[PDB]
Amino acid sequence: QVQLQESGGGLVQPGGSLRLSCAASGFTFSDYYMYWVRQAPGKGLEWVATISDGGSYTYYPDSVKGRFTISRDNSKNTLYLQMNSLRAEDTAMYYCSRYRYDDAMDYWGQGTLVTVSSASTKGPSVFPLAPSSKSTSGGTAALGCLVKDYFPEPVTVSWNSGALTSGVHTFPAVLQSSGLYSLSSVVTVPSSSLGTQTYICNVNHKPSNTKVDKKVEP
Amino acid sequence: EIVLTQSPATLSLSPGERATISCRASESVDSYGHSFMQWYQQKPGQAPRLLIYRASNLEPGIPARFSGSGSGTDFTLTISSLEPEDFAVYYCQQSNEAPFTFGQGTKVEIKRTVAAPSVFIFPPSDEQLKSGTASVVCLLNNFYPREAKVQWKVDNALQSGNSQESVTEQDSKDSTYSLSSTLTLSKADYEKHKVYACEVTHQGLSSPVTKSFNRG
């Protein structure tokens, strides 16, 4: 079915350049106008650029004119966005979108985050969060993972390789004074399986190529 | 630029209730005999999803509970009967003038019945204790409303300016929330003390509850 894979996001220095791409699939790509929309962390949606069917025409708001270039490769069914002279104000989640003849963007990419900062990349440290024995909520035991000191965003925390999704809570990351992020991921399990079964949390920080598999147990 | 102002900014309604969100455009969105107003639904960690286009057309695949209307400069989005999965930020979008624009968005919270938080506390794990820094985490799991209070106590000493909170987005299944409070102390402070307590005050608790542990 119609799907848009975006890639190319990540950390990049202010004044730097970065290219996002969107591999279209499941529809006659050359028959549609493509859009790039962005969302500053915590803020709303802003239009970034538009390009016609064959790349003939393109449009940008004045805040992007001359800095970003939208283009496409119809033979490879790919949409691109070459950014230049990036600034903190450009950090945000970027989405590609298909535009129907009826003037409606019906399919969007999952999105790719662009953090524009001079700060340096730091892999996260993973400390366990085992359930104390004094803690007994009846039949449920809560245990989690503590992912501290990393940059930039984001971080992916799963349990028992995505096999354990039910009841998991991965809180949004908070920025610490130092200047790094931190977040916790907990899951509630039946205290009757604490020793019975093995619980491992899968952490992945793609911007630093870190993939830890910390194991927890009281 | 056509400015789209949505109203209200935030909406809190119980499932089954009818929700109405408005959008007023500074200049007409009407051209060629049609209103080019779209409505999008954006959930946490996801891309905006198209609900309605050209003002009143339901997007195939979208439940019939969603509908839109209006024209000219005034538009309305309706959810005839809320479900816990409708928790999301809604945006009106204009496709008629020079630069496309989105409204500022309306945050829709699903009103759920009072739910008391299950409190948990985690002492800093041996590993982090070797790093010369201590992090104590207090967990408030599955509650509603969102307003809660968490005071830290180290040997009856009320902490201050040394804890950070992070609350999850409302659950789309049961509409509850979960909260996390981390207390960061040096390895020295943590070792020179023993009673670590987390006092939580919430509407679902007839009396504030305290969860604690003694180091080691």
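Just the heavy atoms: all of them, side chains too, but no hydrogens, waters or symmetry mates, feed the values below. Letters go in sequence order (proteins before strands), and every chain restarts at 1.
A donor-acceptor pair is defined here as one N or O able to donate and one able to accept, closer than 3.5 Å; such a pair exists between the side chain of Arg67(A) and the backbone of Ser85(A). At distances below 3.5 Å, not a single donor-acceptor pair connects side-chain atoms of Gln159(B) with backbone N or O atoms of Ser163(B). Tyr60(A) contributes a side-chain N or O that, together with a main-chain N or O of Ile70(A), makes up a donor-acceptor pair within less than 3.5 Å. Formation of a donor-acceptor pair under 3.5 Å by the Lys211(B) side chain with backbone atoms of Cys198(B) is not found in this model. Listed for the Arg72(A) side chain is a donor-acceptor partner under 3.5 Å among the backbone atoms of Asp53(A). Using a distance-only test at 3.5 Å, with no hydrogens or angles considered, no donor-acceptor pair links the side chain of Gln41(B) to the main chain of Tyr90(B). Within the 3.5 Å criterion, the main-chain N or O of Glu85(B) finds a donor-acceptor partner in the side chain of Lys43(B). Between the side chain of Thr101(B) and the backbone N or O of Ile2(B) there is at least one donor-acceptor pair closer than 3.5 Å. A donor-acceptor pair under 3.5 Å is absent between the side-chain atoms of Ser135(A) and the main chain of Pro131(A), judged by distance alone. Side-chain N or O atoms of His202(B) include one that pairs as donor or acceptor with a backbone N or O of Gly204(B) at under 3.5 Å.
The shortest distance between side-chain heavy atoms of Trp47(A) and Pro99(B) falls below 4.5 Å. Within the 4.5 Å cutoff, the side chain of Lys211(A) has no heavy atoms near those of the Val203(A) side chain. In this structure the side chain of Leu11(B) never reaches within 4.5 angstrom of the side chain of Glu109(B), judged on heavy atoms. Using a 4.5 Å heavy-atom cutoff, the side chains of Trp36(A) and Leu79(A) are in contact. Residues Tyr181(A) and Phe151(A) meet the side-chain proximity criterion, which asks for heavy atoms closer than 4.5 Å. In this structure, the side chains of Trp159(A) and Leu143(A) come closer than 4.5 Å at one or more pairs of heavy atoms. Residues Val174(A) and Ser182(A) form no side-chain contact, since every pair of their non-hydrogen atoms from C-beta on lies 4.5 Å or further apart.
No side-chain donor-acceptor contact under 3.5 Å links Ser180(B) and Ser166(B). In this model, a donor atom of one side chain and an acceptor atom of the other lie less than 3.5 Å apart for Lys111(B) and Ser12(B). The closest side-chain donor-acceptor pair between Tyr94(A) and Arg38(A) falls under 3.5 angstrom. For the residue pair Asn96(B) and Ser31(B), a side-chain donor N or O sits within less than 3.5 Å of a side-chain acceptor on the partner. Side-chain atoms of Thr210(A) and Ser208(A) include a donor-acceptor pair closer than 3.5 Å. Remark: the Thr69(A) side chain and the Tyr80(A) side chain contain no N/O donor-acceptor pair separated by less than 3.5 Å. At a cut-off of 3.5 Å, with distance as the only test, no side-chain donor of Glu89(A) or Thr91(A) sits close to an acceptor on the other residue. Using a 3.5 Å distance cut-off with no hydrogens or angles, the side chains of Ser135(B) and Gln128(B) do pair a donor with an acceptor.
For the atom pair OG1 of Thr121(A) and NZ of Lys206(A), the computed distance is 12.0 Å after rounding to the nearest 0.5 Å. Taking CG of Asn162(B) as the start and CG of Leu183(B) as the end, the distance is 5.0 Å to the nearest 0.5 Å. Remark: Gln3(A) CD to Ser25(A) OG distance equals 4.5 Å, nearest 0.5 Å. In this structure, OG on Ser63(A) lies 8.0 Å from CZ on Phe68(A), to the nearest 0.5 angstrom. To the nearest 0.5 Å, atom CG of residue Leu183(A) and atom OH of residue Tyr150(A) are 4.0 Å apart. Atom OG of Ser67(B) sits about 10.5 Å away from atom CG of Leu51(B), to the nearest 0.5 Å.
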(request) Could you please spell out the steps behind the side-chain hydrogen bond (donor to acceptor under 3.5 Å, both in side chains) verdict for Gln6(B) and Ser22(B)? (result) CA-CA 6 Å; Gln6(B) 296 181 225; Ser22(B) 289; over 6 Å; no

(message) Is there a side-chain hydrogen bond (donor to acceptor under 3.5 Å, both in side chains) between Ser69(B) and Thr76(B)? Walk through the geometry before answering.
(response) CA-CA 5 Å; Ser69(B) 74; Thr76(B) 54; 2.8 Å; yes

(request) Verify side-chain hydrogen bond (donor to acceptor under 3.5 Å, both in side chains) between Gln93(B) and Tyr53(B), making sure each step is shown before the conclusion. (result) CA-CA 9 Å; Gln93(B) 184 259 161; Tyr53(B) 63 102; over 6 Å; no

(request) Dump the intermediate steps for side chain to side chain contact (heavy atoms under 4.5 Å, CB included) on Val200(B) and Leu205(B), then the final yes or no. (result) CA-CA 9 Å; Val200(B) 314; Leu205(B) 298 169; 3.7 Å; yes

(message) Between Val147(A) and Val157(A), does the side chain to side chain contact (heavy atoms under 4.5 Å, CB included) criterion hold? Intermediate values first, please.
(response) CA-CA 9 Å; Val147(A) 191; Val157(A) 198; 4.3 Å; yes

(message) Show, in sequence, the C-alpha distance, side-chain angles and deciding distance for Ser185(A) and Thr170(A), and conclude whether the side-chain hydrogen bond (donor to acceptor under 3.5 Å, both in side chains) test is met.
(response) CA-CA 4 Å; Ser185(A) 185; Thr170(A) 310; 3.1 Å; yes

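Cation-pi contact between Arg100(A) and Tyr32(A): absent, since separation from the ring centre below 6.0 Å together with deviation from the ring axis within 45° is not met. A cation-pi arrangement is absent between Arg54(B) and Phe36(B), since the terminal nitrogen or guanidinium carbon is not both under 6.0 Å from the aromatic centre and inside a 45° cone about the axis.
Between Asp171(B) and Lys173(B), none of the side-chain N atoms (NZ, or NE/NH1/NH2) sits under 4.0 Å from a carboxylate O, so this pair counts as no salt bridge. Using a cutoff of 4.0 Å between basic side-chain nitrogens and carboxylate oxygens, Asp86(B) and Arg65(B) are scored as salt-bridged. Remark: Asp106(A) does not engage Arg49(B) in a salt bridge, criterion side-chain N to carboxylate O under 4.0 Å. Salt-bridge annotation for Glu169(B) and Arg146(B): absent, with no side-chain N of the basic residue lying under 4.0 Å from a carboxylate O of the acidic one.
Close placement of the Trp108(A) and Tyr40(B) rings is indicated, their centers lying within 6.0 Å of each other.
Between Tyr99(A) and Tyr35(A), the ring planes lie tilted relative to each other; the angle falls in the 30° to 60° range. Ring planes of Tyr177(B) and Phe143(B): tilted class, angle from 30 to 60°. Note: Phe171(A) and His169(A) have tilted aromatic rings, judged against thresholds of 30 and 60 degrees for the angle between ring planes.
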